[PDB]
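Below is one structure, written out as structure tokens; the observations come after it.
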Amino acid sequence: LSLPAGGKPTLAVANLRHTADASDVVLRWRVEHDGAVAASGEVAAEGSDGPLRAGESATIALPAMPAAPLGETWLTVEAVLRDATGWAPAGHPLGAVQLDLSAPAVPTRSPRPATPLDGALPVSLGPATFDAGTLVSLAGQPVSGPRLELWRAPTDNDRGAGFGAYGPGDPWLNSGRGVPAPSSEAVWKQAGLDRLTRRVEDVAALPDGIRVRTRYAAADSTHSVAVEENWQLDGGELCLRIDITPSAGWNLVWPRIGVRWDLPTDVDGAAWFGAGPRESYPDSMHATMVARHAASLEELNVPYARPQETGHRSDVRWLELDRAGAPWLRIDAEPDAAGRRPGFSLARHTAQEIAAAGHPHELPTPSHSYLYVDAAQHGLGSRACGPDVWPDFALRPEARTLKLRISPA
Amino acid sequence: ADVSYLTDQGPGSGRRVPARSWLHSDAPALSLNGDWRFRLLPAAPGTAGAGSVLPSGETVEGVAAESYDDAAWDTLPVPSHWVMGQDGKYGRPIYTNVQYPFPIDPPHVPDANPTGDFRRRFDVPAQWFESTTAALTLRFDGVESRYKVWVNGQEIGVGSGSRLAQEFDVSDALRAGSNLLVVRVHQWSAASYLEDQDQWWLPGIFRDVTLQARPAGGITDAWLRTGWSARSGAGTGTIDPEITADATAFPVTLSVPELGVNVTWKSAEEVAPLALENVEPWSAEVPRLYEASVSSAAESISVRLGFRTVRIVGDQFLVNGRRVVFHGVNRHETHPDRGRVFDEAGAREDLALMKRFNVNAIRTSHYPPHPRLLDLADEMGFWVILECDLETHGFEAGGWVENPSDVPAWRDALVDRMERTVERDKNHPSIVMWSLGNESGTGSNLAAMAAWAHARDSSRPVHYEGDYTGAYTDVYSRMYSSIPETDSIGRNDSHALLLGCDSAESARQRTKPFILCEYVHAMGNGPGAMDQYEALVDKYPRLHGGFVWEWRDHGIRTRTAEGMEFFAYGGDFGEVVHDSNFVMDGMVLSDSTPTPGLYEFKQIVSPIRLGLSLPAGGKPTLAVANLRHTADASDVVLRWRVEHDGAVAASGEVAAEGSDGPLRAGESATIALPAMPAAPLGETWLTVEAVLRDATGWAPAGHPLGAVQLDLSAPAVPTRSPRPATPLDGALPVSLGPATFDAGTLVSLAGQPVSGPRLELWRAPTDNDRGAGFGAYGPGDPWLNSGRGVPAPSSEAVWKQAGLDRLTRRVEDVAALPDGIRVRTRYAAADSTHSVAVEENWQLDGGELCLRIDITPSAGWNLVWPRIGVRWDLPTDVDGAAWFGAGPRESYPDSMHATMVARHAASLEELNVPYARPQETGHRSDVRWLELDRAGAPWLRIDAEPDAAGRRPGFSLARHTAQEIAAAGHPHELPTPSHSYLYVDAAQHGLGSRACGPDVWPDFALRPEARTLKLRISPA
Amino acid sequence: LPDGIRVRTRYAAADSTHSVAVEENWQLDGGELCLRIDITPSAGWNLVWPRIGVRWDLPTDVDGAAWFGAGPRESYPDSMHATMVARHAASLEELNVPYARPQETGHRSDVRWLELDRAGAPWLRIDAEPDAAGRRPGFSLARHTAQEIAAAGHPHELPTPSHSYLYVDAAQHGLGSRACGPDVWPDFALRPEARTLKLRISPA
Ligand SMILES: [Cl-]
Ligand SMILES: [Cl-]
Ligand SMILES: [Mg+2]
Ligand code: NA
Ligand code: NA
């Protein structure tokens, strides 16, 4: 899909089949405004002489689709089978593509950075309650956090060491076999990434807010990550900026950069606008659409035979957490200076507990639900048997900012 | 008395006022500039190693007291540096590049710590104490380094951040009538660790000291954040105002008369964004400003609005929706008499000179300039990278251990520096990037500066070249990356590792816009490669150009013990540690003379790119491309001329037009010029220049932007050389036309005593010839090892080891020819097994004196040669030359773009460039003929024939040998001339930039070869 | 201090991260002036050191010395065989060798005590106590500093003297023959170490 300067949305179609023409296929399109269908239709897959032949390409101009003045406008086109076969229903999708047609972004105006004040800390800020600067509840429910996390429950590929690692050299050298190296899990454990400790440097009032500065580091390590939270009320909304600024020494792939919130166990589902419906990671984004999505815990997370990282939803505009069936908390996320959006995961156990379990049935009975809001996740690759994560999708140490607005749903 | 303030790592102390803009306000104000009472102490009072620094009976901070008697004290101008303009009375400047001039022991500084006490009386109007005034503010725009302030004996506070503004609240200390201000300034402090810029160390109160009376219900700060997007017609402007003021200030009115805006806000809550139709955008090419004011009943602020929007989209740096290519320079305030003290008239002229050489951007290396400079950049049109005052480069050698950038004790200080940088200058449209500082490694504190800037100002990206892995910056910035590495950065099919990065970090840096924050190091004779870097920018959209290091030489005017004036550099002031002439690394000399390297820059970065060709049977065809960011080419005229052996035969003008009127930015066109038939004899050259039709604030009408030539000459007629002759027995000739010989030795030419020719391989080494940072390019494929070369000594080291500066001449034989003479000689250094054979065949051929010189090296020579040429020793009254060839300025194999083939003429002072350290200069290339003059009167002509390969020689004329020049550290150290020396060079080595940057690119490097000169010599 | 003074100083070159801490304890003990100097280098020093000592700046009329220790001529760790322990005396001219190129010369080793004279008249006496390892200091008396000497190509290029300089060295580097031959044999080469000087200073 493309939008030629001055034109209409233009659909390129290539029939990549070996023999069959595209007569069994119909192309269905929809335009959605913030996830809701505003217009839709369907076109036949035709070439220069009837149905698009095996090995033939064509282009089709679709109807004009003016951008909605506010919010986001997305075009999706899906190739589907017209008729049922012995193995699929009529309307079975073969594959899809999207085109962002959104009107120019209206950035939210963030609160000005504020000088800390002497004096008492606020007890409540909108839906948040604090005890001596420690978050204790959000929107009527007990909640702890945010807590920096770098650890993720290692994937099978994070545990692999057959192929070499791509980090240390040009990946095009050595026949693309990488540089002999320990597994990612081995280096992460050796760095103590699974056992970071939190130390409070200082807590201070802001005008209509609170600033908390913390420093995270593993026992027996010289490396650290400073974290600063600025909670501010801005026009009745609770704004939270979190700046994460690592020390200089860090020289390994990081599994993730995010913060964890500890929630009641009855927080059991989420809705979001962003990539979905399933989990996605930097080198695994093709089967995603930007739309409105919703899932319970069991739909969010894949029950892989060995418990590991699962369930990350990328490129999130907003999420809404459901509790005992009903909407409870809304988090809006603003893109950072580089236009990057965070992701989230919702889990019944911490990444440390998951990493410890050999099978799902070996996990303890849950005491919390955990929300991870991730600025970044490492790619997946296939190093259990095959190439490491391709360098473009590999996470190395970096400073990140999360810009959140938190409200009762 | 507590002197812990001297080593404190915090931002400063006392009655500090929150950082805000430098604003043009009508609030009552007065300047405290003038001649203050001053004394210099050798140490900081009250420190452990300063037990008896003060006069008997004076207490550590007694100087502050209103009762203190300073009647006998000298006075010192404020603003100034105490080490400048005083004949050394209070010490001298100290130059270091990277090394700190004190032990690396943070936060401690030496006991020998020049400390200046300043005392000033001044009057404050009684009116300033009326209820119409809410507060009284004392402002320091610049003090090096840390200082403590007392007013009427009360301690007010301590400042840090030498090039950053600091305001203090003196409301409670001042009185109506006469007041006292005392400032104690230390040269060294904990702040000096944060200020290791490559420049002179210059203590003192070097920017303005002022008082302002803050109006009750005034506006403390405003930020009129502007934006622009394209429409039909002019386009749409936006203002997103931020007003910092008390509730009593409202109503506040924003007025922009030209745009018809007059908006009154009745409370803080009404202050809101506005969109304005028919707004012309601001850019460096077209710096359109709109006058505006923001006022309450009590105070009016005048702003000039430039509407422009900066956006990064993937790897593109856009302003107003179009990619910006930076043709910039690194600049800081510099003056041989005044140091870093600002002078508006001088600054305007400086920026005008930049514009005349096609500079469109300035990086403020490596701290904010005087705030007034930014008004000039807004008005004259430069893209600006405004850089915070931070450089900890000296921590590198010890592996960055204790680097303030990653030490928590310094964090508050570093973030405060960024806050003061951003707040002062946030209103200026010329600023399109904030920079965190320079060469300070990496660390959590640098990332915290970036996080603060991002939180405060989303309108401008964050630049910092020490962020090699791209952990917290929005652009990828490098300094002196080679051509191979820069190519690797710009291209989309390379996963090669970049400096300091693993493969993932290298990939992420390639996702951002790229700039060279420093490149083509301009020190001495050079740089080469500017064309190679520009060709990468042409080729790869990710590459956005760069900033030359640097604009000006920083020479300090001083006198020898005998009273001879000169520009001093590092070490000339008796420094213990110093970095010599590395402070002399500008495109412009200390007296403001543009060097040949600046003319080369100008041509290469011309906004109107010209090409010439002659299609078979067609007419001369001119290709024209408008490479500008926004402006069409209506201001430009294309002037052509054809010259027959240098003399104009025909000329004309052509408009730069595209498909629809004037050639638009980004548009290309071709135009057939008139037919220009070749002269049947001699050479015919077409020159086309792009010139400004009309005058600007900074240039006259007809100011050239760039040029191109095309050779249209008739096929060459090769001259008939005398047949090689067999030598005869018997008497040598004495007289061969204009030459006279004594027993085969030349003694005169055309009535004047002359010696020669003498083979010469030595040249007086350029600063680049003396560099050894990057490796040399000879021993390997230059595209390997990221273009970093092979580690190796400097060219000068290998030349001296080989004895190239001390070749000896041995005559093998001398023989008569029929109407001539043959001389065979052999050249070699003492203790060397290598040699060069030289044969001279002088022959009269139809009454013309022909000289063929064949230079045939032995086999074992394995190093670069500086030159291959012959030297002639002439009378000192030989003092000018005319030639037909490349000119009018010196040129070298990797620096030929700003030359034209034509007839040129120059005296000795015009021929040779007075570089701060004497070195190779003055070579004129591609010479057809040269004529030497004796005080304007033509004396000797030499015609040169091209060799078998079509190569033409060049020449230089000098007052001293290459050997004497090489031995002199400054021009004034050269002896009184006893000869003029003509060097006729078959070859010269290229320039490169190895003093800091790549070696000479291999295509332009001189390696041992045999060469022939074919000359005809006649009286002129 | 009770009947004394303690001075703590730190020595380091510009642009260096290394340093040497020095503590002086001056204490009157039974009418005698005792001075203990403890020299304690930082960790990273990784090169041979020329000497470890202290310099005193004196009037130019201090122009001779008597001592009890090794003599009568200069001696260094790898050049001790022609010394005898005895009472010796020398003028400046007899103390220092005029080598064609001015360099280190004049070090007297294994000193129990030294007396400085002004025109033959004894002025100052310094007694040195052996350190914990039994090591004794040495001394040199010079008309110029080691820096000034290093800078001069010939004796006649030195400036008119403005002081006499006494160096009391805990250690000197050996001599070897590296201008053409083996380096100093390791047994005699000086590497960074902490040293103490224990002195008693009196009028002679
Ligand atoms: Cl913890
Ligand atoms: Cl000779
Ligand atoms: Mg130059
Ligand atoms: Na410096
Ligand atoms: Na420099």
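The analysis underlying the following values was restricted to heavy atoms, covering all of them including side chains, and did not include hydrogens, waters or symmetry mates. Convention: sequence-line order gives letters A, B, ...; per-chain numbering from 1.
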Q) Around B/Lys800, counting heavy atoms of other residues, nucleotides and ligands shown, do more than 12 lie under 6.0 Å from its NZ? A) no
Q) Is the number of heavy atoms from other residues, nucleotides or ligands under 6.0 Å of C/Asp57 CG greater than 12? A) yes
Q.
side chain to side chain contact (heavy atoms under 4.5 Å, CB included) for B/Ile104 and C/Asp15? Distances and angles first, verdict last.
A. CA-CA 5 Å; B/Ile104 305 169; C/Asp15 203 48; 3.6 Å; yes
Q. Taking atom OG of C/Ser19 and atom NE2 of B/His108, what is their separation to the nearest 0.5 Å?
A. 10.0 Å
Q: Please state whether the side chain, the backbone, both or neither of C/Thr17 comes within less than 4.5 Å of a heavy atom of chain B.
A: both
Q) More than 12 non-hydrogen atoms from neighbouring residues, nucleotides or ligands closer than 6.0 Å to CZ on C/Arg8, yes or no? A) no
Q: Count the heavy atoms of every other residue, nucleotide or ligand shown that sit under 6.0 Å from CZ of C/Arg118, and state whether that count exceeds 12.
A: no
